[PDB]
Amino acid sequence: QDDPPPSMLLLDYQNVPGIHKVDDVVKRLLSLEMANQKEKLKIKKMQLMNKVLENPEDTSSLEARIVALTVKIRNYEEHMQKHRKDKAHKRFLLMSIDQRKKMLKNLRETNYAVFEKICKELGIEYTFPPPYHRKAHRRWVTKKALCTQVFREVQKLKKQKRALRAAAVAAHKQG
Amino acid sequence: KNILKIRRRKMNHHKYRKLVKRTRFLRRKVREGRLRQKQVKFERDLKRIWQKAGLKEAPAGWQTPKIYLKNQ
Amino acid sequence: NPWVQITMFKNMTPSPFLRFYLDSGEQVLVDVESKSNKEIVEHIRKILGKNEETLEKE
Amino acid sequence: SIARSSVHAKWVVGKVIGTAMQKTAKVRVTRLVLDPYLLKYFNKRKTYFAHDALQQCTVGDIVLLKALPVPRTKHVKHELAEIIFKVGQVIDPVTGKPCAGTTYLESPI
Amino acid sequence: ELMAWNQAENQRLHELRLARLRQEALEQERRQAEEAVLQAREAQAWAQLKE
Amino acid sequence: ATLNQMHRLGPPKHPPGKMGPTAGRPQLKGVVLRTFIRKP
RNA sequence: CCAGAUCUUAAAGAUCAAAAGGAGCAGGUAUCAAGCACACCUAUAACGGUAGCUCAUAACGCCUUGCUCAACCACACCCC
Ligand SMILES: [Mg+2]
Ligand SMILES: [Mg+2]
Ligand SMILES: [Mg+2]
Ligand SMILES: [Mg+2]
Ligand SMILES: [Mg+2]
Ligand SMILES: [Mg+2]
């Protein structure tokens with residue numbers, strides 16, 4: 001987890017002239033300490049877009065939107081931790097996790113290297129949407145489990161029945 | 001008016017619920033009765049496979065759980 | 001030409017074109033850009049066509 | 001001069017659907033078919049396995065398949081010839097420059 | 001003969017393109033100037049307010 | 001409906017006729033059980 | 001795309017054309033929705049290695065059925 005430190009001087013006050021000479025009271029007032037959470041999220045946004053991107057300026061950049069969206073998701077996840085019963089925000093999160101996947105499919109089709117590096121940075125993984133969405137139910141999961149084990153057995157049996165032939169024909173060839 | 005369609009439905013529903021009350025336990029039999037066929041056909045479905053795949057026994061560690069009869 | 005596969009891709013390349021794959025392994029590339037629809041048609045007809053006489057003969 | 005394949009498939013182009021086998025690419029082909037009732041052209045798809053030396057095909061690739069003279073298996077009659085568009089890296093046949101979508105990454109000049 | 005004719009067409013068209021794209025580059029520099037000026041102005045305003 | 005729909009569903013087929021009392025044959029040979037009377 | 005059989009003949013033609021294939025078209029039904037190894041890789045020379053393949057653009061079923069007709073497909077007492 002990252003941690004936008006308590007003293008970090010809310011974004012809109014960062015680059016203005018003559019800040020550090022100012023006394024500790026006012027510094028305390030413009031610190032992340034007294035901030036809303038929205039501010040901390042502006043910061044996280046800034047930092048992430050600096051680490052990850054190329055050109056901090058482009059909003060419309062596919063990359064940019066992926067990074068921004070990812071910030072908001074990470075937030076919905078904490079809000080999800082603390083409220084488990086909140087259906088509304090669960091909805092937002094799960095729409096958004098998806099849209100991020102959408103634009104990731106766009107990167108993966110269009111600019112590969114960039115997509116790659118974003119997946120590296122943001123810890124996002126791309127799992128290709130599996131064909132045939134079918135609800136796996138008890139009957140099917142069971143019958144497949146069985147079948148899988150039947151296979152796993154018949155290849156074993158075939159293995160031994162041919163292995164005794166290997167042993168027999170080799171022991172006849174040797175002497 | 002369209003109520004006259006709804007009337008039919010309303011009646012047919014009512015006349016059905018009444019039925020399913022009198023018939024309740026007869027119904028209850030025949031439901032479970034078919035669940036015991038289900039679970040069986042299910043079983044045979046898999047048995048068929050051992051015998052089709054050449055194995056004699058059912059493969060190691062197979063109890064073939066009962067899904068349909070699941071309760072409580 | 002019912003036996004010729006015709007495929008179409010969208011928005012891969014920033015400029016529009018045709019490709020052609022012949023029997024030899026000859027790859028034809030027809031750039032269509034500010035071209036008129038009619039111009040594309042007639043240009044294709046030129047490059048791999050059949051002479052009118054050919055058709056009439058057949 | 002005899003090297004032949006009895007299959008009409010002789011040259012195709014398709015997307016690369018899956019990598020799941022060793023040195024063999026699952027490639028989906030799509031041809032236009034005229035639906036006789038409507039009189040319209042729709043995309044009928046068909047999958048072809050193909051063979052690969054380099055095992056070079058990522059999923060989503062636009063790939064050129066060449067018919068193989070002698071079939072390998074029941075299900076492999078082809079060999080990947082050339083990659084027409086490698087996915088996510090596409091170099092414009094016209095100008096020979098790297099591009100994404102509508103935009104050049106490195107322009108002329 | 002045909003293929004070479006095609007080649008020629010592609011060449012000439014390629015050139016027309018190059019000229020166009022150069023034109024667009026000059027246009028882009030003009031725009032970039034306008035953008036930078038407006039951005040700078042709003043930067044002034046924001047800085048003022050904050051201080 | 002739309003064209004993709006009319007494509008996916010094919011053109012409409014005219015459903016085969018349900019055979020009646022004579023089960024498709026013109027006539028039937030039969031044997032009497034009980035002569036009687038019905039009200040209209 | 002043709003093995004083979006036959007015919008003609010100064011060795012190559014011709015007629016049928018098995019097997020094997022695939023551009024596309026091809027009965028009803030989805031209340032038949034999953035099938036259960038249906039894949040590939042090694043040319044090493046029958047062993048090893050991967051974990052696949054088919055499928056809602058209808059797999060796998062079930063039901064009915066000769067046909068697209070200068071003809072074609074199938075059967076020949078039943079146990080394909
Ligand atoms: Mg808030
Ligand atoms: Mg009623
Ligand atoms: Mg019942
Ligand atoms: Mg034949
Ligand atoms: Mg029913
Ligand atoms: Mg093996």
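The GluC sites (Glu not before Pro) of the range E:1-43 that meet both conditions, a loop assignment by DSSP and at most 13 other Cβ atoms within 10 Å of the site Cβ, are E:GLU1. Residues whose amide H lies under 5 Å from that of D:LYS40, counting only those 5 or more places away or on a different chain, are D:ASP35; hydrogens are built 1.01 Å from N in the peptide plane.
Note that the range A:37-134 shows a convex hull volume over its alpha carbon atoms of 118 Å³ per residue. Over the protein assembly as shown, DSSP H runs of length four or greater, each weighted -39,500 (n - 2.57), average out per residue to a 222 nm ellipticity of -16000 deg cm²/dmol.
The 3J(HN,Hα) values that the Karplus relation (6.51, -1.76, 1.60; θ = phi - 60°) gives for the range B:54-60 are, in residue order, x, 4, 7, 6, 4, x, 3 Hz. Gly and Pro appear as x. In this structure, A:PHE92 and B:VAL40 have a Cβ-Cβ separation that, at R0 = 30 Å, corresponds to a calculated FRET efficiency of about 0.05. With a Förster radius of 56 Å applied to the C-beta separation of E:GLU9 and F:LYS18, the computed FRET efficiency comes to 0.25. For D:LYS77, the residues 5 or more places off, or on other chains, whose built amide H falls under 5 Å of its own are D:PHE49. Using θ = phi - 60° in the Karplus curve 6.51 cos²θ - 1.76 cosθ + 1.60, the 3J(HN,Hα) couplings for the range A:115-132 round to 3, 3, 4, 5, 4, 5, 4, 8, x, 7, 10, 9, 9, 4, x, x, x, 6 Hz; x is entered for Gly and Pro. Sparsely packed loop sites in chain C (the chymotrypsin sites (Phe, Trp or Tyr not before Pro) outside DSSP H, G, I, E and B with at most 14 other Cβ atoms within 10 Å) comprise C:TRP3, C:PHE9.
Taken over chain D, the percentage of Cα pairs per 10 Å bin, counting from 0 up to the bin with the maximum distance, is 14, 36, 29, 18, 4, 0. Taken about its Cα centre, chain B carries a charge dipole of about 1140 debye when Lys and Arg each add +1 at the Cβ and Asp and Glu each add -1 at the Cβ. Any chance you could check the Cα centroid distance between the range A:18-67 and the range D:1-44 for me, in angstrom? Result: 52 Å between the Cα centres. Rounded to whole numbers, the Karplus 3J(HN,Hα) couplings from phi for the range A:16-27 are 6, x, x, 6, 6, 6, 4, 5, 5, 4, 5, 4 Hz, using 6.51 cos²θ - 1.76 cosθ + 1.60 with θ = phi - 60°, and x at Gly and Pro. For D:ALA25, the residues 5 or more places off, or on other chains, whose built amide H falls under 5 Å of its own are D:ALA50, D:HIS51, D:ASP52. Pairwise inverse Cα distances across chain A, averaged and inverted, put the Kirkwood hydrodynamic radius at 21.7 Å.
For chain C, excluding the exposed loop sites themselves (trypsin sites (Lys or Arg not before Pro), DSSP loop, at most 11 other Cβ atoms within 10 Å), the longest remaining stretch covers C:11-49.
For the range D:19-109, the set of GluC sites (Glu not before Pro) satisfying both a DSSP loop assignment and a count of at most 10 other C-beta atoms within 10 Å is given as D:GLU106.
When its C-alpha radius of gyration is set against 2.2 N^0.38 Å (N residues), chain E gives a value of 2.25. Fewest neighbouring Cβ atoms within 10 Å first, the residues D:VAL27, A:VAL16, C:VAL4 line up as C:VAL4, A:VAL16, D:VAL27. What is the log10 of I(q)/I(0) for the protein assembly as shown, computed with the Debye formula using one identical point scatterer on each Cα and no solvent, at q = 0.07 Å⁻¹? Cα-only, vacuum Debye calculation for the protein assembly as shown: -0.83. Which of A:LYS42, A:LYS101, A:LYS85 moves the most in a Gaussian network model of chain A with Cα springs under 10 Å? The residue with the greatest mean-square fluctuation here is A:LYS85.
Note: ideal-geometry Cβ built from the backbone for every residue, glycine included; neighbour counts use all protein chains shown. Where a number appears in this text, it was derived from the coordinates with a stated rule and is not lab data.
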